[PDB]
Every structure is written in C-alpha cells, then in structure tokens.
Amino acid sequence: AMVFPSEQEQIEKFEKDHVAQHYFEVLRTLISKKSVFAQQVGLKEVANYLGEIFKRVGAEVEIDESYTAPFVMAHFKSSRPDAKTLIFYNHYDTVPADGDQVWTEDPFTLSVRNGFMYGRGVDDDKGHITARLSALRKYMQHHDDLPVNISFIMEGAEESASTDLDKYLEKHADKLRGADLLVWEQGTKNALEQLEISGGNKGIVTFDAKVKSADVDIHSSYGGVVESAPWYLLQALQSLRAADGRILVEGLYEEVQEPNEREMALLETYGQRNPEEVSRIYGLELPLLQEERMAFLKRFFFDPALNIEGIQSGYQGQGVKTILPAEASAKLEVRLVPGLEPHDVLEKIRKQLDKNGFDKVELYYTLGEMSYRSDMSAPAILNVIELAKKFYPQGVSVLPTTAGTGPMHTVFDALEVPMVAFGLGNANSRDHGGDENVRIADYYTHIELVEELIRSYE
C-alpha cells in the first residue's frame, strides 16, 4: 500500500524548497561554466568553484591538481563514533555542445521549458552534483549532525576515459577505502519510467587488423591461383565466430565469470519484457543472433561479442577494377565481461589466428576498458533498492550491469567499496546529444531518495 506524489506535487515541492532552489541557482552557474577535458577548457575554473561551494557548507575540501583534470574531494564528517562512510562519485566535465546537435537555447544557459531543465551537463553530470548536495543540506535543515560520514569525489576527465583517475584514487585510497557504499555518477529511469539501479559496466578492447598479401595489386585474371588480401582476411574473421555470434577462440570462455543464480533471476525479473523489439526500433532486416528472451538478455548482458566496426579493401566507386587487392584492413572490437582483460583477450585471438593458419593477419591494440559487475546482494545495495521503491510508482529495474563501458573496474580496484548507480535521468535525457535535459520532478525525486538514504543510516 504505497502512495506517491504526482508530478504536479513534486514540481510544487521543488518550487517551495529553499535549499533545492539555492542549489538550482548553483546549477545554473555550473552549467554556464564550460568544462570540457578534450578542449582543455575550464577544468580548474569549475573544480575551484565546486571547492568554494562545498567549503561554504563545512566540508573539508582537497583539490588535487597533480594531473590534467583536478580531482576534488569534499568530506562531511559525522560525530558518531563507528559511523560508516558513504561515497558519492561524480564528474564535473561534460562533452562538447558541438556537431549536428540541435539546441533550442544556448547549451551553456540552463533553460527551463515544459517541466524539463535543459543544458549541457544537466544530466551528465553536473545536475547530479547539485541534487546530491541539496539532499545533504536538506537533511541538515532538520538535524544537528550527520548519521554517517559523507565523501564526494568529483573527477574532471570522465568523458575522456577517466584519464589518471586510477592515479588519483591510488593517491587518496587511504581516506576512501572502507566505505559502506559508493553511489555512481548517474543513473536514469528507463522507457517504462522504472528507476534503473545498476551494479556494473561491460568493457571493451578495440584493435586494428591488417593483411598484406603481395607487394602490389595483381590483375584479377590470377584470382584462381593467387590468394588475395580480402579473401584471407574474410576467412580469418569467419574462423573466429560462429553464425550464432559465439566467439571461436580457445581459452576465452574459460576466463569468463559465469552469472550466479541471483544475477540470472534479476535478468528474468527486470530485463526488458520484449527485447525482440530492437528489430522494430532499428528496422533490422536480418534475424537476431539470440531470439528467445532469456537467451537474448543473457547474451546481451553477460557474454562477450566480436564486432566488425569497419572493413575495407580494393576498389570502391562506380565501374569495375580488375584487381586482386594487396591489402585489406578492419577495425575490430571485443566487448568484454568480468574475467576478460583487454591485452589478454587480444593475445588469445593472436594465438587462435595462428592456429587457424592465419598468421599473416597483423593485429594492433588501440584501446581497452575493464569490466565490472556484482550480483547486487551487498546489504548496502539492498538498502538502496528497498528505499527507491518508496519513490517510484512504476518501481525499479535492478541490473547487475548495464551494457555501457565506464570506470567501475578502476574504482572498485582502488577502493573495494560496493557500488550502485541510480540518478535523475530519463530515457530521453539526450546525454551527449542536443537539448540534454532532466525532468524537474525527477531531479527533485532524486534529492528525496538521497536524503532518505542518509536518514537510513541513523
């Protein structure tokens, strides 16, 4: 028997809440200050501003400027002895406004229209920073002390693969290790307005593959006797993957951590009802590689995948060109799951190609990110799940991992604290797109959930 406020009620609460309003003006200022890692613009400016903001309400603040993007930490202390610690991880850099992106109003001007707030960073990730601070300060309106120690860590290079995050966390692990729970930088409601509460990221390894079959393109009259670069490469790739998408590389699945019973039960309960709908959404013309719902979800969340991002050889254009191309190349990737490390995955692929008779395929490592997940059974995570249900009428969607890539493995490796992601995004927030937005009611609801999480530590 749970009752929930209406969207109209949430918006009025938001309008009447002096603390939420104070930090909404702070959000306006933050959005206005462009902070992009890849344009080197405004990182120190935003990191210092955040420093002042948190100092004002009594946090002990440290701004480490050792690497390109300053690393901001703000610790709020509880007077309770044997108090636990809560960590909020967030980032203050955003992607550029840019491209063929359509903006109704200036991307760096926080704009409110039709019950949504618009601006570069309102969802990813600055809005999450002002909402979580709002929550703490609201709790502080009605209490003399915090029931739990609270640490905010804000990096400035999340959109450029969290450059040097590993070096900041190693440097400051002593103050962070041992916390009860770490809440991730963002989260969203899904298409059914269920709050997604997730516990992992998949990883990836990307690499170039190249073949040189001869010193020059040869006349195609020789194609019956002379092997060409594209045939060799097609044969090589075809050797590494079954028609159902299973990867044919020895040693690879042996390293994969299989999902436990809880993880499989979570998928059953919370995974999309009809994942076969991707066919409609993208106008697929070929059948899915895995069609039954659970086979599909399990492949999607818990299996790796060998992907061709591009392949090219010989002649493109109008007309013909009677050649056996000397060179062929491809841009490949393997999506990873826990157990699989980028360099090692590539070495197993080198070995299998050599064993298959394709030693002339050259491989060149380009990028890697490690994967991470949990079965969402840590009691600190269970607490979050039960509290969230009191705030979202459509309920929650609990997932061991999302299919996105991110720094979760880096963070857990340094800090070893249980991690959970939830936030104030909507399925159509357009992160990284034009008119990035957050629903005003969703933003206020995240404040209330975070304040309730703090109260749960009393």
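In this text, residue numbers run from 1 along the sequence as written.
Higher-scoring stretch by recorded Cα B factor average, 407-415 or 420-428:
In the deposited entry, the stretch with the higher C-alpha B-factor mean is 407-415.
Between the two ranges 266-274 and 324-332, the one averaging a larger CA B factor in the entry:
Averaged over C-alpha atoms, the B-factors run higher in 266-274.
Between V205, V95, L181, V337, which one tops the list for Cα B-factor in this entry?
In the PDB entry, the greatest C-alpha B-factor among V205, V95, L181, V337 is found at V95.
Between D303, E292, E158, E193, which one tops the list for C-alpha B-factor in the PDB entry?
The C-alpha B-factor peaks, among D303, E292, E158, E193, at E292.
Would you check the entry's CA temperature factor for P147 and let me know if it's in the chain's lowest, middle or highest third?
Middle third, going by the recorded CA B-factors of the chain.
Third of chain Cα B-factors occupied by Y282
Within its chain, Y282 is a highest-third residue by C-alpha B-factor, going by the deposited values.
Can you tell me whether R132 has a C-alpha B-factor in the lowest, middle or highest third compared with the other modelled residues of the same chain?
Ranked within chain, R132 CA B lands in the lowest tercile.
Using the B-factors in the PDB entry, rank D125's C-alpha atom against the chain and give the third, lowest, middle or highest.
Lowest third.
In terms of the CA temperature factor given in the entry, to which third of its chain does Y364 belong: lowest, middle or highest?
Answer is middle: the recorded C-alpha B-factor places it there.
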